[PDB]
């Protein structure tokens, strides 16, 4: 019996075929999905988690292998001579780095194995001398000569660069719940933050001045679920950054009195601290958890922030601005709690369409409401009501905090992730709930037995989801028993975390 592709083929006169064969498929209609080559993912869901093979660059300790065609054992200078031709910009970068140029060194006292590093740190020093045994480093290499910065980079808790990949990719519902090729960018964004030292000061220049700029953060620290770049950019600080970036001195260390305009790094890597999370009052799951940072119990952290602001402001002004945040955040949660009551009420009254049993199982293998304890809050493969709910708490409520934290007058109120966007989302949620309730009331009165449509449960994409193949004993709970890393409180973790 014909598939969608089969029928499309009969209509468009293009044969059905595999997506991967190079055919230009008209609106992709007659193409069949082919699973890409995978490698096994790590972590507690290693029984089914996959990665694309290009994970080799980002978790090289577990995936890196020789894939070079060039043979030989070479000295540093030979690496440079050939790569001047073969990858010129890498050499140009390296020649403009302190590693490759003594002229710009600052005599900071770098040591390896207790001995001063006075030579060039060349290609072979970081990648190995044998071209068939090249190394793809992590912070572990950098630790050899930069232990202070590495220790700090490794000092964060859950929600920091430190466990971005190990915990918050490998344990994370939205990542583990999707086909690997859909979420490659998630693995890499989070893995760059954790495993590398090049997220802010990029290879191969490794220039701290570059790392001080907002461009060192905004590729990752952006978007609908954590819009801090946009919040910063739409503050007067951000406008002044844009106004002054071209002519200001970026060569100054991030210290009181060295900058007129504060950047991400100025406020979050104060005095060059490589554990930027630590200045935060408390981890709040991106502002989805409500906390009044101006409460007496958080006075030390609030006072610290006020003192940071006092580099360039009255501390009274700074205190007032952070109180505005506290107040704005508290007001924002009234709208979320309204939304949550409406949404859960629909579920409890059994009027959500689809109900959980009418959707594909969640990534746990459960037919459980996403906005209930044990559920999987999400924006995909779920009801419209649940999607809107997730958007309310994650995209909007969380970002109200970010808007206030970063002094974006517009995004606190009108703009993306604002009070007024919350208002509109709340209307949408109530609209969905109202529709659901009216349909159910009508169907009950006329004795129409409504069944949710099959497209909520099955489809070309839905059928790929891991929920379908979850089975008892498929969780590596020993991973969750580990105490050397934090963990996410997943429903099927099976142990104490």
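Residue numbers count along the first chain shown, from 1. The term rigid core refers to the most C-alpha atoms you can superpose between the two forms while keeping them within 1.5 Å.
Of the two segments 222-230 and 411-419, the one whose CA positions lie farther from the displayed form in 4 other deposited structures of this protein, once all are superposed on the rigid core, is 222-230. When the mean C-alpha temperature factors of 349-357 and 299-307 are read from the deposited coordinates, 349-357 comes out higher. Judged by mean Cα B factor in the deposited record, 111-119 ranks above the other of 141-149 and 111-119. Among all modelled residues in its chain, residue 211 ranks in the lowest third by Cα B-factor. Sorting the modelled residues of the chain by their CA temperature factor places residue 391 in the middle third. Sort the chain's modelled residues by C-alpha temperature factor and residue 226 lands in the middle third, per the entry. Remark: residue 374 belongs to the highest third of its chain, ranked by C-alpha B-factor as recorded. Per the PDB record, residue ranking by Cα B-factor puts residue 72 in the highest third of the chain.
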